[PDB]
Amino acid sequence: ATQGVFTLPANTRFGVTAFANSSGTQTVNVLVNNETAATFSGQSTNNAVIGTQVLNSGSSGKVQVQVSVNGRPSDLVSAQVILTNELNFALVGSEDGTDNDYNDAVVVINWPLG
């Protein structure tokens, strides 16, 4: 199934934050309505934040996270979670190799803000 694609209420601000846990250098792209809106890169074996930014959902609400390592697309897993019917997390893990820890780049989207 498709992973890394989330529908947010339209014209709503949201945060996105990426962490790295791999020997390979991670690159994360964020597409809002199929247009590249943020990109992070870095390397960490220690969960370092390689990027963070507030974005807007736009008219579509379609947010999609992508991850690649030196050009090779990582395999994604994702889910959305809602707490107390109000607080939203969209979560993404990714695997760039063979050990299937799926934490190579870890991305977290959250909303509402403010």
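Residue positions are given as counts along the sequence shown, with the first one as 1.
- The mean Cα B-factor in the deposited entry runs higher for 35 to 43 than for the other of 72 to 80 and 35 to 43.
- Legend: mean Cα B-factor per stretch from the PDB entry, 86 to 94 versus 18 to 26; the higher mean is in 18 to 26.
- Split the chain's modelled residues into thirds by C-alpha temperature factor. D104 is in the lowest one.
- Placement of the Cα temperature factor of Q66 within the chain: lowest third of the modelled residues, per the deposited record.
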